[PDB]
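Quick heads-up: it's one chain on its own, the form deposited without this ligand, in structure tokens.
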């Protein structure tokens, strides 16, 4: 069934699974036209497909050309997501295909179930968690590769950098979600926290800075303070 707090540890067992998030697939700016009407202009997007155990992220870039001449784009976006995830699974060797695919929004269940009818033994599941994966476009290197693309393109990212050398997947996912939740609640403050110290760098083949264990604890504390803060500023508490 659905994924929630009670079965949280299943994410880190040895059955292959992917999270699929479609929040950033169809992205627009809204603007005024010369006649004073409102129009949208699409910008490039991405499907966020993630193995929570390994950190492996299949980033499919959605180039604006895929929308040209199409109607009902918000609905098409969910089917396009499902089509691309299904193509991805079919491209993987059988021993790498997921046994479950967990969608972060329930409107993806029917589109994905229909596209995966050929894979009856892959379970398509929703979740009760409010996972912050929409904030992956706050990660500079991911945002950069989406905005620069001139054609459809798949880019492989390891969203944990090298963290699994030192921590467990459970802890790695909990760090990732804390960082994404902060970037989603207050991007500038969160980015300030991550980069204030010029001596800590981001390796060329990484997404996040090369913090030591002791530094990650300070960082993690600061993100929790930020999130509790913005919750006061927001609710006046």
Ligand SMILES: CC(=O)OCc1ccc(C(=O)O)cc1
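Positions refer to the first chain, counted from 1. Rigid core here is just the name for the largest C-alpha set that superposes within 1.5 Å across the two forms.
Between 169-177 and 28-36, larger RMS Cα displacement in 9 other deposited structures of this protein after core fit: After superposing on the rigid core, the more displaced stretch in 9 other deposited structures of this protein is 28-36.
Between 39-47 and 182-190, larger RMS Cα displacement in 9 other deposited structures of this protein after core fit: The stretch that sits farther from the shown form in 9 other deposited structures of this protein is 39-47.
Selected stretch [higher average CA B-factor]: 131-139 or 102-110: Averaged over C-alpha atoms, the B-factors run higher in 131-139.
Which of 217-225 and 16-24 has higher mean CA B factor, as the PDB entry lists it: Higher mean C-alpha B-factor in the PDB entry: 217-225.
Peak C-alpha temperature factor (PDB record), options 182, 194, 42, 47: Across 182, 194, 42, 47, the entry lists the biggest C-alpha B-factor for 194.
Identity of residue with top Cα B-factor, from 171, 51, 210, 37: Highest C-alpha B-factor among the listed residues goes to 37.
Lowest, middle or highest third - CA B-factor, residue 163: It falls in the top third of the chain.
Assigned third (lowest, middle, highest) for the C-alpha B factor of residue 178: Middle third.
Cα B factor band for residue 82 (lowest, middle or highest third within the chain): For residue 82, the deposited C-alpha B-factor lands in the lowest third.
CA B-factor ranking of residue 59, expressed as a third of its chain: Lowest third.
Third assignment of residue 202 from its chain's C-alpha B-factors: Bottom third by C-alpha B-factor.
Below, we refer to the form deposited with this ligand bound, which is not included among the displayed structures.
Placed ligand check: this ligand in the deposited complex, overlay by site C-alphas, backbone/C-beta within 2.4 Å: Pocket blocked on this form.
Residue contact check: residue 134 to this ligand in the deposited complex, 4.5 Å heavy atom: No, residue 134 is distant from the partner.
4.5 Å heavy atom contact, residue 129 and this ligand in the deposited complex: Result yes; residue 129 sits at the interface with this ligand in the deposited complex.
In the deposited complex, residues of 103-125 near this ligand [heavy atom within 4.5 Å]: Counting only heavy atoms within 4.5 Å of this ligand in the deposited complex, the single contacting residue of 103-125 is 125.
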